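A lone chain, given as structure tokens: the form deposited without this ligand.
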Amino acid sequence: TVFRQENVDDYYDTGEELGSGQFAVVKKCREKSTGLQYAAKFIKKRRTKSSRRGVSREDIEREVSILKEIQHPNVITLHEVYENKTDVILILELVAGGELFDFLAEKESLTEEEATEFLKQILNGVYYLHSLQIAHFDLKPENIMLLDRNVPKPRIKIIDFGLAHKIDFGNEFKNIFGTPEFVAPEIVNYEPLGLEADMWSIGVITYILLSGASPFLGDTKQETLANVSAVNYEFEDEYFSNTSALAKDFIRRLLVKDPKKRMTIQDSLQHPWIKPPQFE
């Protein structure tokens, strides 16, 4: 699929740079015709088929296709797509409250109420995605943005669908791999992947929200990955002594090696606690 090839600068003015990645940079922008604000994500294209630099056309189109399907309050929305010789530019909904990663870095740790307030939104967004057979595959605090961080109960949106895939045949088997600290054992072992991988990531996020510590983090990527594959984690008393048994139960049912025995997104919403790259 081809995208708009007019110069994006003729329709938008850019400003503050929100984030910078390995193959993408995001900048705040304003549409000239409406004055409405957005986030422009510039994704670097590959210059040759055998090039390691840039993102393949296939991978860019997958992200765009998935974003176009989604429409939910807890998921970033896509407005337009432009492209030129060097980049594909996604004009996305602007979320300027910062990363949940940054929010957590300031509060150190959250109360169960604060954690569940965030989790309920993440679960609702993932429920929507999984209902459409969409696996995100890169869930972590950095990919959860707040709309406004200056309110007692910040609302969020899931972002960065760069690894997202449609799981129409139950699983995907193509070496999909995210950040070591958050990937499920099946990812570490290069096995078929499904929606279950996202649930494991949610368990890791929940552990972090409640303790300010990462469950499988080692001193090197290989150590972290080895820890993940062996499900080498513990609810350290220093961090969890005053955490409810139900919260631990919730995490324990997500950090399960066998994907088939792991809680599904529907299970997570009915759980009593809720129910109202890889190489160094």
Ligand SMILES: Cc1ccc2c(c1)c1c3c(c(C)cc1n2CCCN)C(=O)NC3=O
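Residues that one form lacks are left out of the comparison. Numbering starts at 1 and runs along the sequence shown. Rigid core here is just the name for the largest C-alpha set that superposes within 1.5 Å across the two forms.
Of the other compared PDB entries of this protein that include residues on both sides, all give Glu113 atoms, none of them, and so not a third, leaving it without. Unmodelled residues of the deposited sequence between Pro276 and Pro277: 10 or more.
Here 254-262 and 15-23 are compared by their mean Cα B-factor, and 15-23 comes out higher.
When the two stretches 153-161 and 103-111 are set side by side, the higher mean Cα temperature factor goes to 103-111. Sorting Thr224, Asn232, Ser51, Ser65 by the CA temperature factor given in the entry leaves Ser51 at the top. Taking only the listed residues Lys140, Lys174, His72, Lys166, the entry reports the highest CA temperature factor at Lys174. When all modelled residues of the chain are sorted by CA temperature factor, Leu78 is found within the lowest third.
When all modelled residues of the chain are sorted by CA temperature factor, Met145 is found within the middle third. Ranked within its chain, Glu58 lands in the middle third, by CA B factor from the PDB record. Ranked by Cα temperature factor within the chain, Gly125 sits in the lowest third according to the deposited record. Placement of the Cα temperature factor of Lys41 within the chain: lowest third of the modelled residues, per the deposited record.
If you look for the form deposited with this ligand bound, you will not find it shown, but the lines that follow are about it.
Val26 is the sole member of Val26, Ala247, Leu225, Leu254 with a non-hydrogen atom within 4.5 Å of this ligand in the deposited bound form. The partner is absent here; in the deposited bound form, the one residue of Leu123, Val188, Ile76, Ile205 having a heavy atom within 4.5 Å of this ligand is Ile76. From the list 115-123, 190-198, 205-213, 159-167, the contact stretch for this ligand in the deposited bound form under a 4.5 Å heavy atom rule is 159-167. Among heavy atoms of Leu269, none comes within 4.5 Å of this ligand in the deposited bound form.
Mapping the unseen interface onto this chain, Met145 counts among the residues with a heavy atom inside 4.5 Å of this ligand in the deposited bound form. Using a 4.5 angstroms threshold between heavy atoms, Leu94 counts as touching this ligand in the deposited bound form. Mapping the unseen interface onto this chain, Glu181 falls outside it, with no heavy atom inside 4.5 Å of this ligand in the deposited bound form. Residues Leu18, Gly19, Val26, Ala39 of 5-39 are found to place at least one heavy atom within 4.5 Å of this ligand in the deposited bound form. Once the rigid core is aligned, the segments that move between this form and the one not shown, defined as three or more consecutive common residues whose C-alpha shifts all reach 2 Å, run 100-111, 148-154, 170-172.
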